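Here you'll find one protein chain in two forms, each presented separately as structure tokens under the names structure 1 and structure 2.
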Structure 1
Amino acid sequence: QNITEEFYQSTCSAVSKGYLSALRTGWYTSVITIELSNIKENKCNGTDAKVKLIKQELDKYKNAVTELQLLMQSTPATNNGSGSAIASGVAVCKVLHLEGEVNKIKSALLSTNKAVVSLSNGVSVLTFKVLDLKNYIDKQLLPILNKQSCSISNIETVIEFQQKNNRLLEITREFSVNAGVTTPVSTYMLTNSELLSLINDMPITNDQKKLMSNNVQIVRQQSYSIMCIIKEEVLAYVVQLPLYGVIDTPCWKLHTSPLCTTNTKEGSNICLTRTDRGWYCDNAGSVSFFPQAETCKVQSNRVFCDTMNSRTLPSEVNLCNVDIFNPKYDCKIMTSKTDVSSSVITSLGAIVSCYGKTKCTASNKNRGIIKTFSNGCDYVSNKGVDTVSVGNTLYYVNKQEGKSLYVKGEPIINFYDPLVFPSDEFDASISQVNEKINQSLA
């Protein structure tokens, strides 16, 4: 719960410590079924207002099935889509193409509406029947059609049919514009009462059940819904839920900013920037790194990340935060001559890289300007500061409370000779730059 932050003046970088991990290492597949009714193209002789409304609402049921059958003919239910994140779901999606797998799940749900199943591929899958639309249609709609003259029943049956058919039409619509795969999983795909009941019945520890139940919105955002088949009066689609195998290991986020020589110009000042910024978490003796910010979602002091878009780095990678010149790890930097001003809003403050004739200030909402940044790379904590201005750009500082630490140190950009410094390294390293200088010093 304690959040702390350290700013390294020598490297123009900051690290936000104190977070807890929640890394997804596996998937859990569950089949959601909707009992449907196969109908003949029945038609009535007369055009009655109470019957024409049923005629129109039945067409929505007929068109939604036709649309889902078109989604069944296209990816990812067939062929492409196996080397991605929905691989575990497609495996179950492909099993249901076998017979009588649809009969195996239909027979286990006619008595409870919700049960476990064992498929022929040997995966114990929880099956849900969230809508028994066949039971409703065959009991109150099919006999009235069948007469060859249809009844003029009360119109409340028409409204009851729209409510039963409403959830089916939304699922079809969500699948139709998302190529049969939706994420996050909407409440129409799986309601809150169904998702919570699904979490409580998963082969997981009691600790992981509380974790997922207290962050159901995060679970939805990291889940997938995959359309499968319409076979034998059963509409089945797989919901792929995340399994967090790494919990409560320490995480930290690295913030970087350009570090340049301070001159005003109109001239030549060299720069360097630490690379590989993002989220780092300890994971099985190594360190998992997440470069893309879209993969990690921060809730309170816990970080939910997906290990599919991660890189495994040795634990010595944390040495770049304490000593960038260490030999145990080759810390990576990029170089340039772009002396443009910018600011990075960290967790407990803001890094400000002010260069040229740019006006960089940190202001208070009531008090006004409380700090004017000189040329270079500086830092200010959120304590008492509300906004940071860099030129014509305004940044709002994160207000979450934590203790900050300003680690004083000489900027490492002053250790290099500009006449020999490689000022255009896209993805270099400290040892790569120092040896590139030794060659030019001949």
Structure 2
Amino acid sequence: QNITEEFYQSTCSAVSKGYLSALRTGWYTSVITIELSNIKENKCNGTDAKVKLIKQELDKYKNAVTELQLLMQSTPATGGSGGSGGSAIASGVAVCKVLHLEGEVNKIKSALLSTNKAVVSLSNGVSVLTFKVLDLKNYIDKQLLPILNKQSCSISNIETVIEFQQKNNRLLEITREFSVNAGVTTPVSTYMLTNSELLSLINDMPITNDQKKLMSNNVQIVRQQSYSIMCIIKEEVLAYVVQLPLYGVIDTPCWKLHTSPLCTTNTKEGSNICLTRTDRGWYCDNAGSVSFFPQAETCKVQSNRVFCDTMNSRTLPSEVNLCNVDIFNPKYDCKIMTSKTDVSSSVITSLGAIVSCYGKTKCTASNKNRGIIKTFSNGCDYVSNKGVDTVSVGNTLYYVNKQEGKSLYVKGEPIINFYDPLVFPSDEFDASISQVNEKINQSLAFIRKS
């Protein structure tokens, strides 16, 4: 919706509010089928130039079928070591394992006899929406076979060769993508499922009309957060599972936390201590708690809405937001790391830029027609994106976002000035406020008595 931003001068951090959530909590498994033809290379004294082209494409069709056949034994055998990869495709893997039953292929075979798509109830109680997106069996048996399976193969047609190359192309590219990916691809490509097929797949999913609108206006993100698992190739059918994300958390407030090192600015470069707020990234309200995503690369932002996968998240108490308003609060122990690294750096936020300027570094903010409009002093500062297009830190040039929104500069004393440098734990990798004050109380006790 409307994006706001608050910069906290005391902790060298900023929070971008106003975002809406779209967190994946479920999966929908669809069975995409390709009707195939099994045939044998028949001896024929092929002498017609159109015959040689058909023979070459039939070999490419058979080679694909053969590779897939090898791959059918590997896709259930791949993995098993555990981890995040196996847990992400377990819903689809469970469907692939059911399609290995004798009954099961026939059942989707019978449901797709009259229609291209139909809902099938599998033996494991999973109701899947089955698609038939390519019918190579009917094309090979109706056009290629009568033209080929006579004693004189010289009969042919030039438009039949071009059309067969057109239809067979998708099978070769689906084979190619499944070949180098051991049967599990992500994102789901157009060869794996076209946009018209995906939009038709979304419209028939057992989801609300609001979720149909959401997934149809964010197809690119839906494809990225989806998996395609190769299942089987038996009985004249090629079947693979397309695993679509289900967003069980929608329209809850999200916010992104930006952090930058906060150091003292003494002239003596060796007497400077630093601290940095940890756990930067996306936060979203979720089921009375907060879903925290440490790797912001796992979330996708599309028009002020944040698409994330819950498997890449940590569940934190709602009191974690207190670190943005009062980092010394006792409800939640806010985490910081310490250093003596007085190296300048910048962080482009949603509506501005944080600048940690230290040493002799030249840190400015410029407008391309007006020039330098702000010069950052030693320490941690912030500039809005209004009237600014460039931030320069040292030899590197950053560009601010030109998005609309209000920024609030929350003035405050930098908390690094509250610590005695002679007693400050300078190299804490993953500490907290109470942790640092605990060590400081330990060291201040030995000196006070002796």
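Heads up, when I say rigid core I mean the largest set of C-alphas that superpose within 1.5 Å between the two forms. Quick note, the numbers are simply positions in structure 1, starting from 1.
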query	finding
Rigid-core-referenced C-alpha movement of 2 Å or more between structures 1 and 2, selected from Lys265, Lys337, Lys359, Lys209	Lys265
Rigid core fit then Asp48 CA moved by 2 Å or more between structures 1 and 2	yes
Post core alignment: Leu131 C-alpha displaced by 2 Å or more between structures 1 and 2	no
Core fit, then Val287 C-alpha moves 2 Å or more between structures 1 and 2	no
Rigid core fit between structures 1 and 2: Cα deviation of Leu241 in angstrom	0.1
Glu156 CA shift between structures 1 and 2 in angstrom, with the core used for superposition	1.4
